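Trainee: sequence, then the experimental structure. Questions to follow.
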Amino acid sequence: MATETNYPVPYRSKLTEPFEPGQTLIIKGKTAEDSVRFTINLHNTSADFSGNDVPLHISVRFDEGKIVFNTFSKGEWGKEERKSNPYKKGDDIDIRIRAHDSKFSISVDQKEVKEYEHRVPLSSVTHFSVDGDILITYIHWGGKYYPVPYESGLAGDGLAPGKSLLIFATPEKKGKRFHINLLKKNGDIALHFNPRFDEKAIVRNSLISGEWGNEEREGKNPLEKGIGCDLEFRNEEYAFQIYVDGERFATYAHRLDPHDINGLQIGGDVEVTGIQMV
Ligand SMILES: OC[C@H]1O[C@@H](O)[C@H](O)[C@@H](O)[C@@H]1O
């Protein structure tokens, strides 16, 4: 129990809106040398009753060495479904649950490991909770089905120094490349982020007045086909700080005046599950 001051356990959160197909629930935290198990439940209740139906129960067991799924409804549990637990007592955990119309898709360390068919109505999930030997460090519920190629404007102030655009996506299993453009009203691309698996590199460049700039490579490429990633475009005074999965992958000196970056485009071989401005 280190610097908790965030989401203490047991954690109970009453959903403000229904959990719907296309939306993802992200839970990250830390465990200890003596953690034995922790749970994540998607459940029903009127507001705080706590104890009705549990559409989806997830038990990560360090003693058993697996992650176990099941549901509780009408006063009884069904048959558990198991998957290997890739975590050893002590490491950080990252479990994401995305709702779909026929099931829940669960990924561990951004790796899809389980498809749990709905046994009870998804619409009956009104609450969510986490408990056990885990120190929760991050919880987020949002997203939707983002079609790609994708295009949209950004809030009002857009992406300006001091702001960050976070994108959660998964390069397609058999994809070759995809890109993300941060644009200004006149169509110029301040930042072109273009991972190329065939080239084993991520190209960064700018499009000014219909002309592509220098083209910056350098950098191993921390992305993997079929594995989810967290992309952060941190706009600062002198450059874009590009973070991939928590670590800085590269810096990109501004070639265009920051501010007024109110456009976004995403294309290529990639699935997008979350977009947010912070
Ligand atoms: O115009 C040249 C540019 O074309 C783009 O389609 C490519 O992704 C860039 O790597 C290239 O520098």
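Mentor: Received the coordinates, thanks. Numbering: from 1, shown residues only.
Trainee: how far does stretch 44-59 sit from the chain's center?
Mentor: 24 Å (Cα atoms, centre = their mean, to the nearest Å).
Trainee: got the buried residues for that stretch?
Mentor: 44, 45, 52, 53, 54, 55, 56, 57, 58, 59 (16 or more other Cβ atoms under 10 Å). For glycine as for every other residue, the C-beta is placed from the backbone atoms N, C-alpha and C.
Trainee: which bits of this structure sit near the ligand?
Mentor: By the rule Cβ under 6 Å from any ligand atom, the part of the chain lying against the ligand is 194, 203, 205, 212, 215.
Trainee: could you find the closest non-adjacent residue to whatever residue of the chain ends up closest to the ligand?
Mentor: Per Cβ to the nearest ligand atom, residue 212 is where the chain lies closest to the ligand, at 3.6 Å. In this structure, residue 212 finds its nearest non-sequential neighbour in residue 205, 5.7 Å apart by Cβ to Cβ, 6 or more residues apart in numbering.
Trainee: so what's the residue nearest in space to the middle of the chain up against?
Mentor: Compute the mean C-alpha point of the chain, and by Cα atoms, centre = their mean the closest residue is residue 168, 4.7 Å away. Applying Cβ atoms under 8 Å, 6 or more residues apart in numbering to residue 168 gives the contacts 24, 26, 143, 228, 229, 230, 231, 272, 273, 274, 275.
Trainee: ok, now with 7 Å
Mentor: 143, 228, 230, 273, 274 (Cβ atoms under 7 Å, 6 or more residues apart in numbering).
Trainee: these in helices, which ones?
Mentor: Residues of those located in helices (DSSP state H): none.
Trainee: JSON lines for the residues you listed, including neighbour count?
Mentor: Shown next, in JSON lines, are the contacts of residue 168 (neighbours: other Cβ atoms under 10 Å):
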{"residue": "143", "neighbour count": "21"}
{"residue": "228", "neighbour count": "24"}
{"residue": "230", "neighbour count": "17"}
{"residue": "273", "neighbour count": "22"}
{"residue": "274", "neighbour count": "21"}
